[PDB]
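The chain below stands alone, shown as C-alpha cells; this is the form deposited in one PDB entry.
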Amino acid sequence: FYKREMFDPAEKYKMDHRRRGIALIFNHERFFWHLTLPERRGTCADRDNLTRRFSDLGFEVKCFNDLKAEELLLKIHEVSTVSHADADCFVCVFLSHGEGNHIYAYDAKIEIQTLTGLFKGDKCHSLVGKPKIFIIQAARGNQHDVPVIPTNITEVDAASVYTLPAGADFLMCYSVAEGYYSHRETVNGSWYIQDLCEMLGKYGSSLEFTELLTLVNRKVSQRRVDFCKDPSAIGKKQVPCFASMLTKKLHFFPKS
C-alpha cells in the first residue's frame, strides 16, 4: 500500500515537523492619549490564558505588550523573514481595539492586510501550504474619556473590525461579527478568549480546529450578562466568526 495522488476528502495538514511553530501575542492594555481610547482591563488575563493553552499544544509563545506601531511592524517582519522550514504552522494573536481594517497599536493603527501580507506566498516561502492562524480580539473602544493626557465589571464594545479573509491556508478568527458586541470582564478577561482557551484545554489536542472554533461560536453566542448588573447590556449578544481559507483538516495532536 501507498497513498496515490488521488483526491482525499479526509486530507490533513502535515503536523509532524520538528517544532509546532511560533505563536505571537500582541497585547495592548492602554493607548497614547491622542487616540482617545479607553484602557482594556482584563487583557492581561487573556494573554496569560492564551500563553498556557498554546504552550501546551507545543507552540513557542512570544508575547509583546503595548508596542508602538513601528516596533510592532519591525517585530512581525522579523518573524516573517526567518525560516519556518522546521515548523508545522504559525499563530498570531492581536488583543486590542480596532476599526474597519485596522488594529490599534499603542500609538497608531495598522492595517490588517499589511500584517497578513508579510506571510503570503513567497514573502514567507517556508510557511507556504502551512496553516497561518490569526486570532483577533478587537472592537470599538468606547470613547467617553477626554482628549487630554491622563472588581469584575463587564465592558461591552460594538463590533468594528471587518471579517477579512487573507490568502490560501490562512484562518482569520474574530471575536465578534458586524452588528454584535464584544464583551470583556475586567478581571476574568474577554468572553471570546475565555471560551477559546477553555475549549483549547479540553479539546484542542483532539478536535479539528475549525470544529473547535465552532464550539467557541456556540459557547460565546449563548452567554448573557447578569440583568441586575448593567441593564444597558441587555440584548447586546456576541456572535464570533471565523473566515477560513484553509485547504485541509487541521489538528494539534500531541507531537511524538
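All residue numbers refer to positions in the sequence shown, first residue = 1. Only residues modelled in both forms are compared. Basically, rigid core = biggest C-alpha set you can superpose within 1.5 Å across the two forms.
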Check: residue 169 without coordinates in a third or more of other entries: no
Residue 117 dropped in a third or more of the other entries: no
Unmodelled deposited residues between residue 150 and residue 151, binned: 10 or more
Mean Cα B-factor comparison, 175-183 or 140-148, giving the higher one as deposited: 140-148
Selected stretch [higher average CA B-factor]: 74-82 or 89-97: 74-82
Candidate residues 27, 205, 221, 51, the one whose C-alpha B factor the record puts highest: 221
Member of 193, 213, 200, 35 with the greatest C-alpha B factor (per the PDB record): 35
Residue 108 - which third its CA temperature factor falls in, relative to the rest of the chain: highest
Among modelled residues of the same chain, the CA temperature factor third for residue 18: highest
Residue 120 - which third its CA temperature factor falls in, relative to the rest of the chain: highest
Assigned third (lowest, middle, highest) for the C-alpha B factor of residue 157: middle
For residue 236, the third of its chain into which the C-alpha B factor falls: highest
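Beyond the structure shown, there is the form solved in complex with a partner chain, which is absent from this document and is the topic of what follows.
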In the entry with it bound, the one of 110, 87, 92, 79 near the partner chain [non-hydrogen atom within 4.5 angstroms]: 110
In the entry with it bound, residue 73 touching the partner chain (heavy atom, 4.5 Å): yes
Partner contact for residue 152 in the entry with it bound: the partner chain, 4.5 angstroms, heavy atom: no
Residue 118: touches the partner chain in the entry with it bound, heavy atom cutoff 4.5 angstroms: yes
Contact label in the entry with it bound: residue 69 to the partner chain, heavy atom within 4.5 Å: yes
Stretches between the shown form and the other one where the CA atoms of at least 3 consecutive shared residues shift 2 Å or more, core fixed: 225-228
